[PDB]
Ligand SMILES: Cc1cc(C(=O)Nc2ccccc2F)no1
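First comes one chain, alone, set out as structure tokens in the form deposited without the named molecule.
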């Protein structure tokens, strides 16, 4: 077959019932995830190959960066609760990996302040139980598949993208293969 288990994707030997249609996991510490955001735009290109209105979810993970990694999962919960993902994703990636000016939870807060989120709103969300629950939701989603690597994408809680098996000589061909594999898995 043109698409094969073990090549463009793998299949969860323990499937996950009732998961998001398209579920991505990333870390602001993950060097491949930086590229998925800034130069490959994987999420937008997958979204454009899927039918209108499909649900796409993106969660942060704890396993990179120790203390700061868990701070970043809580900050991502804040971004989701406030609906400001598009405003903070790039400055958080660059603060962690490019300028390395993010060394503490206070530095993370500064990114939101600079992006126009009021301090009172940030702190209220940061300490909220809604955000506590969103942190739990991100951990539970990753736990379901004992995620040990990012960036990861799961389709219908059944299939996991395998970018290791895709052409990397050309960045746009890679994105195309990745998105076409998601489309194939979604129609499956």
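Numbering follows the first chain given and starts at 1.
Omitted from view is the form deposited with the named molecule bound, to which the following refers.
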Checklist entry - Is residue 74 close to the named molecule in the deposited bound form, meaning a heavy atom pair under 4.5 Å apart or at it? => result no
Checklist entry - in the deposited bound form, does residue 36 have a heavy atom within 4.5 Å of the named molecule? => result yes
Next on the checklist: Using a 4.5 angstroms cut-off on non-hydrogen atoms, would residue 58 count as touching the named molecule in the deposited bound form?
Outcome noted: yes
Checklist entry - Is there a heavy atom of residue 112 lying 4.5 Å or less from a heavy atom of the named molecule in the deposited bound form? => result no
